[PDB]
Amino acid sequence: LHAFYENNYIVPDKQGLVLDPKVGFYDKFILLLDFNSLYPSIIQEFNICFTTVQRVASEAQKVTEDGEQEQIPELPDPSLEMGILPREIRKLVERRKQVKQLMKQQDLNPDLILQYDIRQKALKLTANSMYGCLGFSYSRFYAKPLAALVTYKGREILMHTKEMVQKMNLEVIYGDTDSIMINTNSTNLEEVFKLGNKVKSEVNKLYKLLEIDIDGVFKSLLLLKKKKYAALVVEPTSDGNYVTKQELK
């Protein structure tokens, strides 16, 4: 509301994919990666906004009840000016980056460190809530076609990532929404780290604003039922040594 009122507008009045990977059991090294802010990254990358997206297509989401075929809007023209929403999201991201770079200075009073940590945490939470701002059905800015387009873009990105992982002889054992882990079938931790770094670097080549990172390493993986696994969490140290701690969920 503040952003829109700052731009001479009129505000309205007040009244997802689950993957199907291969089936198998592996007790070798398991490396886990997670995508950071998939929906905000999609919004920033493709300039999705209220003012920059029309509603004339026939894809999946918004047409009348004449059959189970409806419309998702198509991607906007790249030459179009940046929308209001991506501008705010990029402002938040840039401010968080500036704060994080400010942290790297040395000889600082602990009060400044605490304030910077609080500010960066607040920025992270505010950026994270941005997709849920529009995804809520009862939200004042509810827009079904935009949410459908964002979800479709995320699904397309996930399929492309899975195909790319399969291309480089990496077994797609499981993935979900933004967190996908791969079995390296190895024992050395340094090899797993370098393979994950290479995968992350190659992934970042496809999209500028899409970022992935290493979440955790599992020495072994054991599964019992759905949404349940037993893994040995690997904690690397400065000297290269690591500890295998069992994880149960």
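Residues numbered from 1 in each chain as written, not as in the entry; some residues may be left out. Part of a larger assembly, values for the part shown. Heavy atoms only, no water.

Its PDB header attributes the entry to cryo-EM and lists the resolution as 3.43 Å.

K.L.:
I tried to follow the layout of surface pockets on my own but got confused; where do I start?
P.N.:
Here the idea is plain: a probe the size of a water molecule rolls over the atoms and shows the empty space left. If you add up the space inside the largest pocket, you get close to 840 Å³. The wall of the largest pocket is formed by 29 residues, among which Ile173, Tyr174, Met181, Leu223 and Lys227 lie closest to the centre. Ranked by residue count, the leading element in the lining of the largest pocket is strand β4 (residues 212–223), at five residues. Split by residue class, the lining of the largest pocket holds 16 nonpolar, three polar and ten charged. Size it by volume and the second largest pocket reaches roughly 650 Å³. As for the second largest pocket, its lining consists of 22 residues, of which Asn36, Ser37, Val93, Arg96 and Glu211 are closest to the centre. Elements with a minimum of two residues in the lining of the second largest pocket: α2 (38–45), α3 (84–103), α4 (110–135), α6 (189–206) and β4. (1 Å grid on protein atoms, 1.4 Å probe; cavity = no way out; pocket = protein on both sides within 12 Å on 5 of 7 lines; lining within 4 Å. Points joined across faces, edges and corners; volume = space filled by probe spheres on them. Helix = DSSP H or I, 4+ residues; strand = E, 2+ residues; numbered from the N terminus. Nonpolar A, V, L, I, M, F, W, Y, C, P; charged D, E, K, R; others polar.)

K.L.:
Quick question: what am I supposed to make of a positive patch on the surface here?
P.N.:
A cluster of basic residues, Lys225, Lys227, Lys228 and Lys249, forms a positive patch on the protein surface. Locating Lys227 in the fold gives a position in the loop between β4 and β5 (229–236). (Patch = residues over 30% accessible without salt bridge, like charges linked within 9 Å, V, L, I, M, F, W, Y side chains within 5 Å. Areas by Shrake-Rupley, 256 points an atom, 1.4 Å probe, with all protein chains shown as cover. Salt bridge = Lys/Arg side-chain N within 4 Å of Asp/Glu carboxyl O. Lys, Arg positive; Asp, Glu negative; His and termini not counted. Charge placed at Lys NZ, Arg CZ, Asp CG, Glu CD.)

K.L.:
What should I look at first to understand the pattern of salt bridges in this one?
P.N.:
Throughout the structure, instances matching the rule amount to seven salt bridges. One salt bridge in this structure joins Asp117 and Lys121, with 3.0 Å as the shortest N-O distance. With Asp117 and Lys121 both in helix α4 and four residues apart, the pair spans about one turn of that helix. The class for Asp117 is partly exposed, based on a relative accessible area of 23%. For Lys205, the salt bridge goes to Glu202, with nearest N and O atoms at 2.5 Å. In this pair, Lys205 and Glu202 both sit in helix α6, three residues apart, roughly one turn of the helix. (Buried < 20%, exposed > 50% of the residue type's maximum accessible area, 1.4 Å probe, protein only.)

K.L.:
Where do I start with the environment of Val93 in this structure?
P.N.:
Turning to its location among the elements, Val93 is positioned in helix α3. The spatial distance from the C-alpha of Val93 to the C-alpha of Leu123 is 7.9 Å, given a sequence separation of 30 residues.

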